[PDB]
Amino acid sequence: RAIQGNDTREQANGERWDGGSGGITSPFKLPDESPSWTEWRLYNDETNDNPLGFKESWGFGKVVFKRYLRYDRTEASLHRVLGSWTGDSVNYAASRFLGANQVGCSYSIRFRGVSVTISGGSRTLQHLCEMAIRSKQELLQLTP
């Protein structure tokens, strides 16, 4: 399109708050689970090992998709949140925002105050996923 970046970036932002059945083609499979200001507050009577969950995001150039998924330190909750994005969902989702000119891609995830970013060129997105599902894996299993 003409501008081609400003409007698509706003829809990617809004995609987070439009549940799993609203917005544009998203790289994530599961909907957002951000905690309200009140359920994140009363949860911090402990307080801020051992959060409600983690915050992850997928960025294809200027088109960034963000998520928050409540992740308890359990085997089942790990298999659940790991199904929030796969290689296919990213590739298919990136296909609608990449072109001939290589843009920057980045997957970032924060948990326990530790952030991991897997960034690279559009032509390296294939490795960014393998490295992101491997990095995401350990960060969530990072033995205290």
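Just count from 1 along the sequence shown to find any residue number.
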#### Entry: Where residue 91 meets residue 92 in the shown sequence, the number of deposited residues left unmodelled
none
### Task
Compare the mean C-alpha B-factor of 95-103 with that of 56-64 as given in the PDB entry, and name the stretch with the higher value.
95-103
#### Entry: Selected stretch [higher average CA B-factor]: 118-126 or 132-140
132-140
### Message
Highest Cα temperature factor in the entry, among the options 87, 27, 83, 35: which one is it?
### Response
83
### Chain thirds of CA B-factor: placement of residue 42
highest
### Summary
Split the chain's modelled residues into thirds by Cα B-factor; residue 108 lands in the lowest
